[PDB]
Amino acid sequence: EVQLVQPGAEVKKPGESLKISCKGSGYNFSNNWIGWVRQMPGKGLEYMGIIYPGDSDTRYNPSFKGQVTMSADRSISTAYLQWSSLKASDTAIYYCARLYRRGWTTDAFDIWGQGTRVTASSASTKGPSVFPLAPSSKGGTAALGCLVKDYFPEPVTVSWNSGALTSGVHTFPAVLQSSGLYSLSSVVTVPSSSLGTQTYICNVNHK
Amino acid sequence: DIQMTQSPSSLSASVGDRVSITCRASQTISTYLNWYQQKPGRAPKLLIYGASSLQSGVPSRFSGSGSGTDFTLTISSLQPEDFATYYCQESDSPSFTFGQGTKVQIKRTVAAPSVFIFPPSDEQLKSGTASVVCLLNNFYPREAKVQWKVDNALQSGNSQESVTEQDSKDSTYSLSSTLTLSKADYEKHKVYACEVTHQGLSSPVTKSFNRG
Amino acid sequence: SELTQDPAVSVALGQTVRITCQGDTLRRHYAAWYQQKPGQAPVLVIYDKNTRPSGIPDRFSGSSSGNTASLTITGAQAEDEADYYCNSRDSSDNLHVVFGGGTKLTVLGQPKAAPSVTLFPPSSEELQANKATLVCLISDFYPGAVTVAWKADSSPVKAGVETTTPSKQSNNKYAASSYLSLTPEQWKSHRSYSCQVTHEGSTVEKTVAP
Amino acid sequence: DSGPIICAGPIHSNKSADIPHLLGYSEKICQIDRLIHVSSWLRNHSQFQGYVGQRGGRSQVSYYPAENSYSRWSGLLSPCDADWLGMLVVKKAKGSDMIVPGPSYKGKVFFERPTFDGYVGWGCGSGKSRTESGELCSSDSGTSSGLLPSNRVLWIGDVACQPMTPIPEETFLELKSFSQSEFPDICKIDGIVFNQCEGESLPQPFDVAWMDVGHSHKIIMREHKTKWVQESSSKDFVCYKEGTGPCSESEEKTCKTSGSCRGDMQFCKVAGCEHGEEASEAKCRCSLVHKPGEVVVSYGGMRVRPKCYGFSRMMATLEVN
Amino acid sequence: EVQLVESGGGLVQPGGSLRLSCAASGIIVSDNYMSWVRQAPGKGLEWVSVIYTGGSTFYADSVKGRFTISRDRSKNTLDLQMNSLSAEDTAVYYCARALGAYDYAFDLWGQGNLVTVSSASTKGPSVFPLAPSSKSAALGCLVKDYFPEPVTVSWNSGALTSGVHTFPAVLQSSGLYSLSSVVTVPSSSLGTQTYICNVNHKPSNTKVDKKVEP
Ligand SMILES: *[C@@H]1O[C@H](CO)[C@@H](O[C@@H]2O[C@H](CO)[C@@H](O[C@H]3O[C@H](CO)[C@@H](O)[C@H](O)[C@@H]3O)[C@H](O)[C@H]2NC(C)=O)[C@H](O)[C@H]1NC(C)=O
Ligand SMILES: *[C@@H]1O[C@H](CO)[C@@H](O[C@@H]2O[C@H](CO)[C@@H](O)[C@H](O)[C@H]2NC(C)=O)[C@H](O)[C@H]1NC(C)=O
Ligand SMILES: *[C@@H]1O[C@H](CO)[C@@H](O)[C@H](O)[C@H]1NC(C)=O
């Protein structure tokens, strides 16, 4: 029931004002603090602060005192993290969480948002995705399937449903190929179906 | 500081009568006055507090009235068990001053005392201070004058009388008069006078006697 | 306080782990412990003396010893390899919270040698797999090396060092490179050495083809 | 704003009724609201039976001087309120304790004041009230009922008492030395040596700011700074039931340690709340007590958190040359 | 259930000290106004001292400086330490509770302890029988030449109470006390009349002398 929703990704120009949101549903949004944490790519989790949307009160980490500003919108049940200067080090995943308190001894972030990835890209975004990949032989452990991917950002969001015939296992991850990234996974449960068939892919690049 | 005076220092009334005891304070103590009842040889019992409030378990025939400097304790119908001394106490000041008590004796019909005599026992003889006692049982009029009897001669010394308190059931007294004599005097006197004993009831010549 | 934590905790096989975080505020306040697998949002695993949210395995337990709090994992399987954070009430401010630095974890695993399933076969073979994989790291890390001409590779090579896969917790890996199928027609050999084929499972196949 | 904390003014009818000991913090606060603590003090010390604060409660207590800054804040505790909570002791006056001139003691039944080394209260017996000078209790027909209004209670000084952070004895000695430097003329305060003097006058009224820091005597100060900080501690919130009265000790404990009882914005901020989904017939609600917060005093170059802080009238002695 | 019990009284030399004590059951003592009252033999009640539940202590003018009332929370005890005693302090002392709900009336009283301030020394009851003479239904036990006043005479260990007439003690010519207890029974055929307890008092002696027929 209770959940916090955030944008999937948000690309912006370095040095540009930016504003990410976290919307709560399933509870009275003004009765709980909303805390924000940051995760650099391949680094640990750092906590910025908590905003009470009942009166838009704030409590910041001493490290994050002027870098970011936390705002609240009680009517639409939203919390906001804003910068006004994106810089370049701000490329990170940002999590919103609902702080659940039990008296003066318990502070828990029971509900967590899915995270907004903010990138000071200093580049552009575009994705093509197509490959015929006709059935062939080449062996052994490696079966045959279909795999398509190429784009600069990282919104994979490929959700084809397969696995019993070909190309249905979890997707491969993204590797920084200069300004691009590699293809997906096509593992087959049983090699007897190595002939395969072309699926609907269902690729969406939100960028 | 505060003087607490009970006007009827001694009182006497029949069973079923109405009894009033007045207490007066030297200064206004408002209604912080208590009435206590004390039977002989017992701790005082709180009858009334606040100058009118009856303590739980106290018979309803006890009532208190008054305020300021004058207070009254009233027994609506005197009972034989109401014989005691009644005290008025002020709890207005930390001195908790008690008034001088009022003794409530109880009147009744005249009762004839029962007379008994006891000569000294063998241990009394061997001690050297043999004493002979005369006991008067269950008589109301406490005036029970008893002159002692040796050789038809009046004796004034070594005569000691003790009278019990008024009974809580039939309101009758009982008094014992003992005369202590040396061994020589006891041995040299073998007969007793058994002379007149005075009592409110018509018992002038009623007196037991012993010989030997 | 600050809630200091050990940056990493040694591999406790299938034994019991005692991830700990210490601070002044932990004297009077309980520590909430969250876990974060790599690539997923943090999940609260303990939030009171021992209270545990529904869905969290019972092996997680919380304890307080004075100035220090401990998250104990009785049965440490492959699921528990994650980053563990402790947070608590701020000692100075009753309305503020303090977070820990985070503690890593490590467990064992079973080697496998699953290669890349299909290297998008084109009409002209730009390059085959010829990559050594570091899948199922037995201990520490021994990544393989690629040789275009039996020497340290200098051409652009895409290193597909993947993270932990939620389905199969073994760190599955794959790698491939593209060369437009114009230069590779000269040389034939393409050899990758894992140096730990006993557990890495080197799936390098010989190409020896243009 | 200046009204009762949690409980309206008491309506007593039975002056002989016993005063129960209530373990809950909110129950003690409710007793403080109804002046039950002052009635208990009078019963213990003055041979008095009954109650003070009839129909008025603590909010109608008389103060000296009449204009009182901290009386507006109903959440700021007085010496009597802190005494009821075990924070200090309001000692019964002895003959040596001095009665400060200036208050109107006529008709007062209880009056307390902070003295240089403590807090001293004077009481009267049943059916008695203070004279004009306050030296004696005399018979008063208007007090015979035993259920007396709140204007029979007098509190001297603008005083606020709070939980303290203890300071070392060396810090107290430094503060005391600075105070002695600030008041060279003073020799004795309330019969206690402040400065060593050879020849001193008679005691005089002395209006001064002071802080009690839990040591032998008080730190009296002339130039100081004070700042009030809202720490949102558990003692700053009181739990009631909106018609039933204060919550029981167990109910208050569950509300303050479970984050399930409802409450105002500050209580939800600091401890959590669960509005809706009524599990009970009517849950306890915990609200912030209306006070400016805890006072921190910057004096003599150091910041302390006193046990009590105020501006009050004491009796001081001046040096005679 | 609720009760106060005195202890510590007895014979004291003039100028001595004895420290009466009072133990309470059902009363916290430290939460009550506790008073000491005294009654001289054959006189009225006299308030001696009081202690408030707040600790304030007040004393009668005749005992100021010599008497000290105190409380002790353990054992739930109220004590009165008496010093420089004279003959005017010989009296029965009661510990009482002044209940505020009763406007500080002494609702609770102890049984009382008699203190005697005299230079004389204690001595035994020296009891005798007074067997019913042939001339004239009363048995009696005589208690001759005992100094300490409090003597209790229970005949059948408390079983016999009809006709029990224990006379007040009377000061002898020598300076001792005499008791003349008696029980009137017309006839019992040597049943409950005799062979029963007579005397016991402050020294440890419990003479049970039998009043057998002559
Ligand atoms: C006036 O005297 C009162 C009694 O002497 C006192 O009230 C409280 O009385 C209770 C028992 O009557 C006692 O409280 C103690 O017991 C409880 C358990 O029942 C404990 O949990 C408490 O901690 C406490 O030890 C005390 O005697 C007393 N309360 C306290 C806190 O001492 C009044 O407090 C007195 N009034 C004034 C103004 O001092
Ligand atoms: C309040 O209630 C009544 C008056 O309305 C009285 O209560 C009695 O007080 C005495 C004195 O201790 C107790 O022995 C009784 O048990 C109480 N109840 C009753 C029904 O008699 C008194 O005025 C006040 N209560 C108390 C405890 O004083
Ligand atoms: C949330 O709580 C606040 C304060 O108690 C209240 O004003 C608001 O109406 C609540 N929201 C809802 C949707 O009930």
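Residues numbered from 1 in each chain as written, not as in the entry; some residues may be left out. Chains lettered and ligands numbered in written order. Heavy atoms only, no water. Residues with missing side-chain atoms left out of burial classes, pairs and counts.

Regarding how it was determined, this PDB entry cites cryo-EM in its header, along with a resolution of 2.37 Å.

Going by the PDB entry, chain D carries the name Envelopment polyprotein and comes from Severe fever with thrombocytopenia syndrome virus. The record lists the entry's title as "SFTSV Gn in complex with JK-8/12 Fab".

Under the PDB entry, the name given to chain C is JK-12 Fab light chain, and the organism recorded is Homo sapiens.

## Details of the overall build of chain C
Looking only at helices and strands, chain C has 0 helices and 10 strands in total. When its helices and strands are written in sequence order, chain C yields β-β-β-β-β-β-β-β-β-β. By the compact-globule yardstick of 17 Å for 210 residues, chain C is too spread out, its C-alpha radius of gyration being 23 Å. Oriented by its inertia axes, the alpha-carbon framework of chain C measures out at about 70 × 30 × 30 Å. Taking the intrachain contacts of chain C between residues at least 6 apart in sequence as the baseline, contacts between residues at least 24 apart amount to 61%. Summing over all exposed atoms, chain C offers an accessible surface of approximately 9900 Å²; the carbon and sulfur share of this is 57%. (Helix = DSSP H or I, 4+ residues; strand = E, 2+ residues; numbered from the N terminus. Rg over C-alpha atoms; globule rule 2.2 N^0.38 Å. Contact = heavy atoms within 4.5 Å. Areas by Shrake-Rupley, 256 points an atom, 1.4 Å probe, with all protein chains shown as cover.)

## What about the overall build of chain D?
When you go through chain D residue by residue, the secondary structure sums to 7 helices and 21 strands. The globule rule puts the C-alpha radius of gyration for 321 residues at 20 Å, and the 21 Å found for chain D is close to it. In terms of principal-axis extent, the alpha carbons of chain D reach across some 75 × 55 × 30 Å. A sequence separation of at least 24 residues applies to 72% of the contacts in chain D between residues at least 6 apart.

## Regarding the site of ligand 2
In the vicinity of ligand 2, the contacting residues are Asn14(D), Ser16(D), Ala17(D), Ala101(E) and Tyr102(E). Neighbouring residues of ligand 2 are not confined to one chain but are distributed across chains D and E. Between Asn14(D) and ligand 2, the recorded distance is 2.5 Å, taken from a side-chain N or O atom to an oxygen atom. With respect to ligand 2, the backbone of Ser16(D) contributes an N or O atom lying 2.8 Å from an oxygen atom. Coverage of ligand 2 by the protein chains reaches 33% of its 550 Å² of free accessible surface. Classifying every residue of the shell around ligand 2 by side-chain character gives 3 nonpolar, 2 polar and no charged. (Near = heavy atom within 4 Å. Polar contact = N/O pair within 3.5 Å; in protein donor to acceptor, adjacent residues only side chain to side chain. Nonpolar A, V, L, I, M, F, W, Y, C, P; charged D, E, K, R; others polar.)

## What about the packing of aromatic side chains?
Taken as a whole and assessed by the stated rule, the structure comprises 44 aromatic pairs over all chains. Where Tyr70(D) meets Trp228(D), the ring centres are 5.7 Å apart and the plane angle is 70°; that geometry is what we call edge-to-face. Linking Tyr70(D) in helix α3 (residues 69–72) with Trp228(D) in strand β15 (residues 225–229), this pair joins segments that are 158 residues apart in sequence. Classification of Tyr70(D) by relative accessible area gives buried; the value is 16%. Exposure remark for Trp228(D): the relative accessible area of 28% places this residue in the partly exposed category. These aromatic residues form a ring-pair network of at least three members: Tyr36(B), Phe96(B), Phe98(B), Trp47(E), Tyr94(E), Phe106(E) and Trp109(E). (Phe/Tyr/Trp six-rings, centres within 6.5 Å; stacked < 30°, edge-to-face > 60°. Buried < 20%, exposed > 50% of the residue type's maximum accessible area, 1.4 Å probe, protein only.)

## What about the environment of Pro44(B)?
Among the structural elements, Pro44(B) can be located in the loop between β4 (33–38) and β5 (45–49). Considered as a pair, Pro44(B) and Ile75(B) are 31 residues apart in the sequence and their alpha carbons are 17 Å apart.

## Some remarks on the domain arrangement of chain C
How big an interface is tends to be stated in terms of the accessible area lost upon association of its parts. Residue and element names in this part refer to chain C. What the domain assignment reports for chain C is domain 1 (4–99) and domain 2 (109–210). Taking only C-alpha atoms, the centre of domain 1 and the centre of domain 2 are 38 Å apart. The interface is formed by 5 residues belonging to domain 1 together with 4 residues belonging to domain 2. Contact between domain 1 and domain 2 buries roughly 320 Å² in total, counting both sides, with carbon and sulfur atoms accounting for 47%. Our enumeration of links across domain 1 and domain 2 arrives at 0 salt bridges. Summed over the shared surface of domain 1 and domain 2, the number is 1 residue pair in polar contact. Looking at the side of domain 1 that touches domain 2, its residues break down into 2 nonpolar, 1 polar and 2 charged. (Domains from an automatic or database assignment. Buried area = accessible area lost by both parts, 1.4 Å probe. Salt bridge = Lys/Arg side-chain N within 4 Å of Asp/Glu carboxyl O.)

## Notes on the site of ligand 3
For ligand 3, the full set of nearby residues is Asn28(A), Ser30(A) and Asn31(A). Coverage of ligand 3 by the protein amounts to 31% of the 360 Å² it exposes when considered alone.

## Focus: the environment of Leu176(E)
Residues and elements named next belong to chain E. Within the secondary structure, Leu176 sits in the loop between β16 (170–171) and β17 (177–183). The spatial distance from the C-alpha of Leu176 to the C-alpha of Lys144 is 8.0 Å, given a sequence separation of 32 residues. When neighbours within four sequence positions are excluded, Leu176 is seen to be in contact with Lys123, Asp145, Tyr146, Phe147, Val170 and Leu171.

## Here's the deal with the pattern of salt bridges
Counted under the stated rule, the structure contains 41 salt bridges over all chains. As a salt-bridge pair, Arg89(C) and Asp107(A) come within 2.5 Å of each other at their nearest N and O atoms. Separated into two different chains, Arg89(C) in strand β7 (residues 83–89) and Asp107(A) in strand β10 (residues 106–112) make up a pair that spans both. On the accessibility criterion, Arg89(C) (0% relative accessible area) is buried.

## Description of the sheet that holds strand β14 (residues 173–180) of chain B
Within a beta sheet, neighbouring strands are joined by backbone hydrogen bonds and run either parallel or antiparallel to one another. All names here are of chain B. Taken in spatial order, the 4 strands line up as β11-β12-β14-β13 in an open sheet, and their pairing is antiparallel. Each end of this open sheet is capped by a strand with a single partner; those strands are β11 (114–118) and β13 (159–163). In this sheet, neighbouring strand axes are inclined to one another by 15° on average, regardless of whether the strands run parallel or antiparallel. (Pairing = 2+ DSSP bridges. Axes fitted to C-alpha atoms, helices over the stretch in contact; angles between N-to-C directions.)

## Focus: helix α5 (residues 169–182) of chain D
An α-helical turn contains 3.6 residues, so a residue and the one three or four places further along point in the same direction. Residues and elements named next belong to chain D. End to end, α5 covers 20 Å across 14 residues, agreeing with the expected 20 Å (1.5 Å per residue, within 8%). For α5, the complete set of buried residues consists of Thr171, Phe172, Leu175, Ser179 and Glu182. All buried residues of α5 fall inside an arc of 100° around its axis, so they share one side. Exposed side of α5, more than 90 degrees from the buried face: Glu170 and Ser181 are the residues found there. Close packing links the buried residues of α5 with β13 (204–212), β14 (219–221), β19 (294–299) and β20 (302–304). (Expected span 1.5 Å × (residues − 1). Arc of directions from axis to C-beta.)

## Overview of the domain arrangement of chain D
Its domain assignment divides chain D into domain 1 (25–161), domain 2 (169–229 + 293–318) and domain 3 (234–288). Distance from the C-alpha centre of domain 2 of chain D to the C-alpha centre of domain 3 of chain D: 40 Å.

## Comments concerning unusual backbone geometry
Here the amide bond leading from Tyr64(D) into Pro65(D) is cis, since omega sits at 0°, within 30 degrees of zero. Examined against the element boundaries, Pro65(D) turns out to sit in the loop between β2 (62–64) and α3. A positive phi angle is found at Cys202(A), which is not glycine, with a value near 60°. Here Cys202(A) falls in the partly exposed class, since its relative accessible area comes to 36%. Phi is positive for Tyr195(E), which is not a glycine, with a value near 60°. Mapped onto the elements of the fold, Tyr195(E) is located in the loop between β17 and β18 (200–201). Using a relative accessible area of 45% as the deciding quantity, one classes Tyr195(E) as partly exposed.

## Thoughts on helix α6 (residues 249–258) of chain D
Along α6(D), the positions that sit buried rather than exposed are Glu252(D), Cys255(D), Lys256(D) and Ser258(D). In this structure, the buried side of α6(D) is in contact with β9 (92–102) of chain A together with α1 (25–33), β16 (237–240), α7 (265–271) and β18 (285–288) of chain D. Backbone geometry just downstream of α6(D) places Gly259(D) in the positive-phi region, at approximately 65°.

## A closer look at the arrangement of the chains
The two units chain A and chain E never meet; even their closest C-alpha atoms stay 36 Å apart. A gap remains between chain C and chain E, with no contact made and the closest C-alpha atoms lying 35 Å from each other.

## Some details on the pairing of strand β7 (residues 62–67) of chain B
Residue and element names in this part refer to chain B. Pairing of β7 with strand β8 (residues 70–75) involves 6 bridges; the strand directions are antiparallel. Each bridged residue has a counterpart across the sheet, and for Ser63 the counterpart in β8 is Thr74. Counting the residues in the hairpin turn of β7 and β8 gives 2 residues, including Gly68, whose phi is positive at 85°.

## Observations regarding the side chain of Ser181(E)
All names here are of chain E. Tracing the sequence through the fold places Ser181 in strand β17. A distance of 2.7 Å separates a polar atom in the side chain of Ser181 from a polar atom in the side chain of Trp155. Within polar-contact distance, the side chain of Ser181 engages the side chain of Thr166 at 3.5 Å. For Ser181, the contacting residues outside a window of four places in its chain are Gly140, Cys141, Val153, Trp155, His165 and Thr166.

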